[PDB]
There are 4 protein chains.
Amino acid sequence: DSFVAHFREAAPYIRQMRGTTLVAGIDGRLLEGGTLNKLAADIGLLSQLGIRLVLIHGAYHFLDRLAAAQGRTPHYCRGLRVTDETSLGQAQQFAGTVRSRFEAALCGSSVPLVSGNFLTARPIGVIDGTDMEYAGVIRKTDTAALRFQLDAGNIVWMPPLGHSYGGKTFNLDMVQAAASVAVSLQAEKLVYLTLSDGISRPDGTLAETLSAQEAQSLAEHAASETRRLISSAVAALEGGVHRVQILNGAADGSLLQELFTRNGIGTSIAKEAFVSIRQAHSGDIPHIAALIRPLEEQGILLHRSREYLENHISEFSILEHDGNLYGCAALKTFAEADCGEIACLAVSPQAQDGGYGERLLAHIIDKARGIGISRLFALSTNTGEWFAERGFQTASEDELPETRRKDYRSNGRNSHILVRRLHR
Amino acid sequence: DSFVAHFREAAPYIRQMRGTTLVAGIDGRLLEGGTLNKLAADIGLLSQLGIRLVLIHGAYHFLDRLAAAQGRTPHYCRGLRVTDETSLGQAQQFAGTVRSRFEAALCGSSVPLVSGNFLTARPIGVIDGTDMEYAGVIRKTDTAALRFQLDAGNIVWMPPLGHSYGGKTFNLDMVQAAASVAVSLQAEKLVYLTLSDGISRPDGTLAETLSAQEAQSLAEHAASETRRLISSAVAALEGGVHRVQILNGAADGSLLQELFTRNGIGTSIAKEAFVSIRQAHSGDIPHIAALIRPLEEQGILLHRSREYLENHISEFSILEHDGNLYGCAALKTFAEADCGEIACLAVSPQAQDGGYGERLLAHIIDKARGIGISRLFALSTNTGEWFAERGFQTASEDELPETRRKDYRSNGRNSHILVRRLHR
Amino acid sequence: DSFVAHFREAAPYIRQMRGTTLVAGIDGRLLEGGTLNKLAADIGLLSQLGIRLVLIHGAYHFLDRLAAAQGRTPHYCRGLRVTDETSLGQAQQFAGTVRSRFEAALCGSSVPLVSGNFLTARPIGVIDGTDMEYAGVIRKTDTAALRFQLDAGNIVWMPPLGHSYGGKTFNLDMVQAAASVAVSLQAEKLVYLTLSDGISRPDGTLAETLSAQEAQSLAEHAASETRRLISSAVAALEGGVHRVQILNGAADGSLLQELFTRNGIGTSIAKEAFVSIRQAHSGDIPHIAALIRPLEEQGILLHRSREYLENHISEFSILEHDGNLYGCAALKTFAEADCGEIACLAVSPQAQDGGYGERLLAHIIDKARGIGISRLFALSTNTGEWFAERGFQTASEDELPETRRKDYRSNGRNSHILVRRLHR
Amino acid sequence: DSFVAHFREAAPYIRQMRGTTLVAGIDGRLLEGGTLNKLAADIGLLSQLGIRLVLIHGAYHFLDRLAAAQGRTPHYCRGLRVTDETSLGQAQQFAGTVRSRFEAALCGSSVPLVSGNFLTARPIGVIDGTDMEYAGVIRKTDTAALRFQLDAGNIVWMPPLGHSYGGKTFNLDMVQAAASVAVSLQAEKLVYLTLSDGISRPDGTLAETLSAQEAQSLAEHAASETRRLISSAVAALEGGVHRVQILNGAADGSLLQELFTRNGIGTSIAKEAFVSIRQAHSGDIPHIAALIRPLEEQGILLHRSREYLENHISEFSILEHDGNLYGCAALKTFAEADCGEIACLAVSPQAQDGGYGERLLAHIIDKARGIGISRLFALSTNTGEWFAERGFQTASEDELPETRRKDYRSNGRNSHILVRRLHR
Ligand SMILES: CC(C)(COP(=O)(O)OP(=O)(O)OC[C@H]1O[C@@H](n2cnc3c(N)ncnc32)[C@H](O)[C@@H]1OP(=O)(O)O)[C@@H](O)C(=O)NCCC(=O)NCCSCC(=O)N[C@@H](CCC(=O)O)C(=O)O
Ligand SMILES: CC(C)(COP(=O)(O)OP(=O)(O)OC[C@H]1O[C@@H](n2cnc3c(N)ncnc32)[C@H](O)[C@@H]1OP(=O)(O)O)[C@@H](O)C(=O)NCCC(=O)NCCSCC(=O)N[C@@H](CCC(=O)O)C(=O)O
Ligand SMILES: CC(C)(COP(=O)(O)OP(=O)(O)OC[C@H]1O[C@@H](n2cnc3c(N)ncnc32)[C@H](O)[C@@H]1OP(=O)(O)O)[C@@H](O)C(=O)NCCC(=O)NCCSCC(=O)N[C@@H](CCC(=O)O)C(=O)O
Ligand SMILES: CC(C)(COP(=O)(O)OP(=O)(O)OC[C@H]1O[C@@H](n2cnc3c(N)ncnc32)[C@H](O)[C@@H]1OP(=O)(O)O)[C@@H](O)C(=O)NCCC(=O)NCCSCC(=O)N[C@@H](CCC(=O)O)C(=O)O
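Regarding how it was determined, this PDB entry cites X-ray crystallography in its header, along with a resolution of 2.7500 Å.

Listed below in structure tokens is the structure:
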């Protein structure tokens, strides 16, 4: 397409990404060669697009090569690496080489880059009988110092190294560190830059999007490498991060493509908090009634007698929290086998605005999809826009199922009519 | 002495040092061993005393050992080192090791420490036929980014490395870099931390204090090592820095002793700008007259006829700038061979407050010292405090030379009498 | 010792004191003579060390002398003074004299000093039948205006005077005022500057440190003078202040010695909040189990069957809040009569970080000290550092009691071994 | 009038006064009695109207009464008072009493009030043979600390007391101090609050407005009391202050009446900088030409041949600076003896905007007033608004002098016509 078509395509993603915080976990293989130069170009750019960036890099792969080649053999317990005083020594050397290459890569294509003593570490200790030695975990993250720099527009660079109150230095696992830091910053996005195109489903495909549950179900049959990833991503998500993404840092431009296109190569994981939605039974009726009466009192909902409710209960779904009822919604069917109706959609004013609306709308869309329903209607006097903004086209009365066009004319309400098409 | 006697001793030096900027050039030998731990302790402390700190470290000595040992031979032109792509490589490694050791040393005895891409470098190029290669000089110092961090209370750490617009990295001479950076920050103090107790005079003594002239006169007969130091110190001073100091980083506590004691081990260099002070001759008389008439008009100065001036001209010193007369002062002598008087001390209101007063007072103190004068008097109606604050004790009339006690009683002025003792 | 030994000694105390707020209650006797000049020197210094200072002074002793001498007799009810319109009058005069002397004392050895209308007062009213008249208490403290000035680095000076909405002025008791103000600022330190070396124990010794309980037990048999002190200190502590201290303002340098030495002359009082720690009995077992199972599930704790627990319950201490169990810890004994072991140390993740750990560690240290135990061991896989940072030296297996060295080899865990020596 | 008529009257004065700085020199007699309460009410109000307030008070009158009554006799040299250690002592007492009364007066009718060590003083020394002793002058004003508090909205209170580097305290003359401080703050207004209705002209009237010249001409025949006032006011004005005012603090509401009414009781002094305006002669013609040609080139001015200029030179006034010509303007006369015209009004673009326009307009208004001219016309194509905003009503051609109505129709320009009536 044209340049102008591409920029207008990314525009909405720039608007979202702007002022948000993005923490990037970089495999250290990427920080060597023609790949490092392009990584800095796109990162440079992100800075320019006003995204607050935190960058941590890995070292395991360097170390592990320095080892084998120089005689010794690296050893890993429960995923984590044993790092001896000498591994630690060269981990510090590597960090100074990578920070410096990157810095140069960034001036070769202004942008301001900062590092500090932001991380304090304790030793992992002993795992399954094995002393890990200089393997550490982040004990304290200087979250104020971080935000202070990000506020200033500076790119934050972090080696896989934190220090202890005792004057020792520890080697940190990039993947767990990226996740920790991100959760401290309550960052909106954690991005792991790997050498893989993402996380594959069992059928060898690339899982474009995943839930933290779907992801967790993939880990059982998965390489231990991507097992630890998933666990850190799932940990991040639970800890606050809005979205974590896995990309191939070796795929030229992938970072730009992931962030500013609709489709975006690579895989993204998010956690949709659990809300309990279930078929209504005889007992919710007093609750549902309690919820909808005020509404039908205001003339927003059509009146629904307890009796009606008693013999129409199966059309109803209720959304609950701790046995409390906070929402409901009904799917109506018709002679026309394609049509459905979302009816009696209500969330209590106190639990409003938390996304419950959406969740009941979705829920009955799956119900309606299960029974071969393609067109789904919604009539309302004072809430049509909500539907407009969620996949609905205003409709005409002559386009309703016959029975509903007839209630429509008797009503005397003139509610607005909106339809949405449900797909295969 | 007691703890309380020591703290009260340092108190005035803390008051001066506070909020001022101090740039420290560290020999990299200091960043290894039990010496690094104590360096960080005292630096940690300085941070706590509210001194803005910038820290750059050297690498030549590491490199040069890595070289010889590993076969190769280092080479230096006009003081500067030839650093090849491989020297550069390990200079980056060293920097990552030293920054990290220091960081740990600082947590083992909270304090916030920051580094950035503050320096942009160009290659030195070719010197006397020799390609220097990866030897660079600071082309641009990010002075805003620096001040921004110092304002935040952060300690700034800088490796001897800056980058180019071309994506290359260059090795910087710590000593020249420290001086450049300091001059950009217009820092009040540059401190070089060496392995020597300072700069020795020809007589093998340690030159406690020096002027940028005295220092420059020492460089001719001096080791090339301390030659480059002096030139960087003298360059700093000319460029703005108020004071540069040379200490032995290996002398435990020297840094604290230099900054917060009266005497302070090690050597300090400062530049006193040039002001021309000379004996008056026949021609200054209209100028001097012009200067002092307003004053004697106000009754601050005793009246001095042109005639008086004509046959007393040799008592007079004048302070001038571009042939312009901005001050004057007279030394009076007496039957009493010990006594002098500072008389007719005046600086034009326009050039007042720049220290001219001081300079004429000093000047005639050297005159008065040259002719065996120990007690120096000063009488005035409205300016006695100035003298109080500069080494003067209020005196009684019965303590003046006889002739002056007699003018004193006739006068009818009752001017205040202050004396100051001049020494061997 | 050397200057350098003294500065490095105070360094940790400067680091703590920095940015913290210190409110000083000054007996007004100190504000007269050679003692006032040194008080300002050390206060000047504190300002320079970045401590936020609030200074309130007393007046009772002046007033009371002005009285008797000028005929009249002062009278005090429940500790507080009756101040009549004329006492009030001269209390305002004194305040203007003391503020001004201090100000001068501070310029004679830059530092910025501010006073305002920060205090609004109501009358105390009538006490035990007696009209107190112009005796007031602080009704409102302008806490925002205060912080605003302290933020600016200014020293805050406050007379023992506050005003009313009615346009009257009241005399405030310095001691209660200092405590009130401090509690408003939630200051980390309240310091009373008296004419006494502190608070004496019954045996005529100077109580170096006290708890707000120990202190309160001293007040019964104590001079009414120090009774009111204690009550204000205890009130401050309960109200938020971290530490209150009593010094002799007439003891030259005491203020510097109190704040920046380990030992520090004078007496300090602090409140350790109450946490209930008691021997475990049969009933805690399900709770303790609940607490430690997750841990032994993670392999952090060795497994402890309910049965074990049932016949080892007396080794156990539990830490509780409102009948809730939040921690536990066991002392193990051995054939070796000198040895103990802290075992099964656990605090629930929810009440973690509040210092509960410390409190159980301490607690069993007192238990272990009670039964002649000098060496106390602690083995763990993932928490050795905690012990390092609390008085523990890493140990070797060959140094455990025999039985424990044997479990150690069977275990197959290789936990880290740390010891700490308990004293007489 | 009505409340609404009064508020709308003051509105323009509130708009001017807002955000401006006002320094008030208060006679200390005002700070006692029912007069102090009302002074604080109106000052309180000023604070509320967003005027930055600095308040210094006097003490001479208190002292001088304390003296005589208690035996001793006060003595003054060149206006300034001899203040001995004991005068100084009670000057500090008075200051503490007045600050405190005022503070209370201000709470009896929220508003934030601050004092500090803002003033550093040196002794005046000896005057005409007399030791002044504790008479001081402000040597340094902490101008940053002041602005910092004013920025915060705080009312600044200053006693007539400043300190020395030597730890001494000096008595300051309120009147000279107010003027100094004001000039440091470059305050827009200095206000002296006296016990007099202002400064009287020789004819015993109250001089409503004065120039710093008119004022200075009144001082020769004036009481020494008001002599020193005038000199301080004139000194303030020269030093930057836009306006200084003298009021009677004992006249209830005078302060409000002075600041927020058109007329305002009491007397105000301002300095109109000197600009040289004189009749043109033969020599300015090339200059005037140079000035107006560009303009008549643009068609803003009617063309005026050198010849015209040569025989019309007496109609011309020129405004000059250092022999440079920066403006000109011509007064035209007519058969109609009442009419004038401002013609050929021009200021060079470089010296534009400095008020030169105004000054030439005024100047020829005085010329035109001198020769019996009441109506003054001004025609222009592109600058009519300037005249509208300076006392001019748009006019019709039929209202011009006949000759000018005739040039008007030939012109073919249709310039705008504005008139202004000049009075007796
Ligand atoms: C609209 C409801 C369901 C959204 O709940 P909830 O807040 O949990 O969902 P949500 O968090 O996903 O959406 C929140 C956002 O929607 C927006 N929103 C809320 N009410 C809106 C409205 N009336 N118009 C536009 N936007 C609205 C909010 O501004 C909020 O904005 P944001 O995205 O944060 O910028 C909730 O406000 C509610 O229960 N309102 C009262 C009930 C109601 O209006 N029901 C009508 C549904 S249409 C179908 C229906 O029930 N019809 C009737 C009869 C009508 C007839 O036939 O004439 C019947 O069946 O009996
Ligand atoms: C005092 C003079 C010399 C200082 O010049 P200059 O400003 O260049 O020196 P400086 O920069 O080193 O000092 C500046 C500082 O001194 C301070 N200062 C200036 N005048 C001061 C004063 N009168 N009192 C206290 N401090 C003063 C300034 O505040 C400034 O303060 P800072 O340190 O920045 O905080 C200058 O202000 C001046 O020329 N004043 C007028 C002349 C004058 O007062 N001469 C008296 C000298 S005593 C000897 C003398 O000439 N006596 C008479 C007769 C007297 C008799 O016998 O009765 C005679 O021989 O004829
Ligand atoms: C470590 C515990 C006790 C501290 O509780 P609590 O937080 O209330 O105490 P606290 O507030 O005084 O200390 C908090 C500070 O300690 C630090 N901290 C917490 N865990 C740490 C760790 N693993 N390493 C270093 N520092 C740690 C925190 O960072 C915090 O830092 P801060 O001072 O605020 O900068 C708590 O985290 C906990 O219960 N962790 C899980 C239990 C555990 O690790 N127990 C091991 C104790 S060693 C003895 C033991 O029970 N051994 C086993 C078997 C072992 C074997 O023989 O192989 C047995 O007897 O069965
Ligand atoms: C308008 C002149 C005189 C003001 O000089 P100056 O800047 O020194 O005075 P000022 O500082 O007191 O006033 C400055 C303020 O006036 C405002 N101002 C300047 N030009 C303005 C304009 N054309 N309209 C409205 N306001 C204007 C400025 O905005 C400034 O605003 P501020 O108060 O700071 O917010 C100056 O801009 C100038 O020389 N302009 C070019 C000459 C010009 O326009 N002369 C016309 C005067 S009317 C009389 C005249 O000379 N007529 C012709 C023929 C016309 C005919 O008969 O058709 C003749 O006799 O040959």
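**Student:** Help me understand the interface of chain B and chain C, please; the structure alone is not making it clear to me.
**Tutor:** A common way to express how large an interface is: the accessible area buried when the components associate. Contacts between the two partners involve 30 residues from chain B, matched on the other side by 30 residues from chain C. The contact between chain B and chain C buries some 2600 Å² in all, and 62% of this surface belongs to carbon and sulfur atoms. Considering only the surface of chain B that becomes buried against chain C, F3, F7 and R15 of chain B emerge as the three largest contributors, covering 30% of it. For the interface between chain B and chain C, the tally reads 4 salt bridges. For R8 of chain C, the salt bridge is made with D42 of chain B, and the minimal N-O distance between the two is 2.3 Å. Where chain B touches chain C, the interface holds 9 residue pairs in polar contact. Here the side of chain B that touches chain C takes 10 residues from helix α1 (residues 3–17) of chain B, the largest share from any one element.

**Student:** Quick question: what am I supposed to make of the relation of the copies chain C and chain A here?
**Tutor:** In summary, the two copies of the chain are related to each other by a rotation about an axis coupled with a shift along it. Superposition of chain C onto chain A requires a rotation of 120° combined with a translation of 0.0 Å along the rotation axis, giving an RMSD of 0.0 Å. Accordingly, the operation relating the two chain copies is best matched by a three-fold axis.

**Student:** Just to check I follow, could you spell out the site of ligand 2 for this structure?
**Tutor:** In the vicinity of ligand 2 there are 33 residues, among which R304, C344, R413 and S415 of chain B together with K140 of chain D approach most closely. More than a single chain frames ligand 2: its nearby residues are located in chains B and D. Contact distances for ligand 2 include 3.3 Å between an oxygen atom and a side-chain N or O atom of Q352 of chain B. With the chains in place, 88% of the 1200 Å² that ligand 2 exposes on its own is no longer accessible. Every element with two or more residues in the shell around ligand 2 is listed here: β20 (339–347), α12 (356–370), β21 (375–380) and α13 (384–388) of chain B together with β9 (135–141) of chain D. The leading source of residues in the shell around ligand 2 is β20 of chain B, at 6 residues.

**Student:** Would you explain the relation of the copies chain B and chain C in this entry?
**Tutor:** For these two chains of identical sequence, chain B goes onto chain C by a turn of 180° and a shift of 0.0 Å along the axis, with RMSD 0.0 Å. What the rotation and shift describe, once combined, is the action of a two-fold rotation axis. For chain B, the smallest separation between a C-alpha atom and the rotation axis is recorded for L49 of chain B, amounting to 2.8 Å. Looking at chain B, 100% of its interface residues are interface residues in chain C too, so the copies touch through the same face.

**Student:** Explain the pattern of salt bridges here, please?
**Tutor:** Any two side chains of opposite charge can pair, on the condition that their charged atoms come close. Taken as a whole and judged by the stated rule, the model has 110 salt bridges over all chains. The residue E389 of chain B makes a salt bridge to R139 of chain D at a minimum N-O spacing of 3.1 Å. On the criterion of chain membership, the pair formed by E389 of chain B in the loop between α13 and β22 (393–395) and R139 of chain D in strand β9 is interchain, its members lying in two chains. Residue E389 of chain B is classed as partly exposed on the basis of its relative accessible area, which comes to 30%. Judged by relative accessible area, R139 of chain D falls into the partly exposed class, the value being 31%. Across the pair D252 of chain D and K38 of chain D runs a salt bridge whose closest N-O atoms are separated by 2.8 Å. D252 of chain D gets classed as exposed once you look at its relative accessible area, which sits at 54%. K38 of chain D sits in the partly exposed class, given a relative accessible area of 36%. Each of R139 of chain A together with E358, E389 and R390 of chain C takes part in a single network of salt bridges with overlapping partners.

**Student:** Honestly, the site of ligand 3 in this entry has me stumped. Any pointers?
**Tutor:** Around ligand 3, the surrounding shell holds 33 residues, and the nearest of these are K140 of chain A together with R304, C344, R413 and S415 of chain C. Residues close to ligand 3 are split across chains A and C. Between ligand 3 and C344 of chain C, the relevant distance is 2.8 Å, taken from an oxygen atom to a main-chain nitrogen or oxygen of the residue. Here an oxygen atom of ligand 3 and a side-chain polar atom of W386 of chain C are 3.2 Å apart. Notes on ligand 3: free accessible area 1200 Å², of which the protein chains cover 88%. Among the secondary structure elements, those contributing two or more residues to the shell around ligand 3 are β9 (135–141) of chain A together with β20 (339–347), α12 (356–370), β21 (375–380) and α13 (384–388) of chain C. Broken down by element, the shell around ligand 3 gets its largest block of residues, 6 residues, from β20 of chain C.

**Student:** Explain the side chain of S415 of chain A here, please?
**Tutor:** Inspection of the secondary structure puts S415 of chain A in the loop between α14 (402–411) and β23 (416–421). For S415 of chain A, a relative accessible area of 5% gives the class buried.

**Student:** What is the right way to look at the sheet that holds β21 of chain B in this model?
**Tutor:** All names here are of chain B. Taken in spatial order, the 7 strands line up as β17-β18-β19-β20-β21-β23-β22 in an open sheet, and their pairing is mixed. Two strands bound the open sheet, and with one partner strand each, they are β17 (276–279) and β22. Between one strand axis and the next, the sheet turns by 30° as a mean value, whatever way the strands run. Note that β22 and strand β23 (residues 416–421) share 3 bridges and pair antiparallel. Residue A395 lies in a different strand from β23, and its bridge partner there is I417.

Reading guide: rules and limits
- Residues numbered from 1 in each chain as written, not as in the entry; some residues may be left out.
- Chains lettered and ligands numbered in written order.
- Part of a larger assembly, values for the part shown.
- Heavy atoms only, no water.
- Contact = heavy atoms within 4.5 Å.
- Buried area = accessible area lost by both parts, 1.4 Å probe.
- Salt bridge = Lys/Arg side-chain N within 4 Å of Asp/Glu carboxyl O.
- Polar contact = N/O pair within 3.5 Å; in protein donor to acceptor, adjacent residues only side chain to side chain.
- Helix = DSSP H or I, 4+ residues; strand = E, 2+ residues; numbered from the N terminus.
- Least-squares fit on C-alpha atoms.
- Near = heavy atom within 4 Å.
- Areas by Shrake-Rupley, 256 points an atom, 1.4 Å probe, with all protein chains shown as cover.
- Buried < 20%, exposed > 50% of the residue type's maximum accessible area, 1.4 Å probe, protein only.
- Pairing = 2+ DSSP bridges.
- Axes fitted to C-alpha atoms, helices over the stretch in contact; angles between N-to-C directions.

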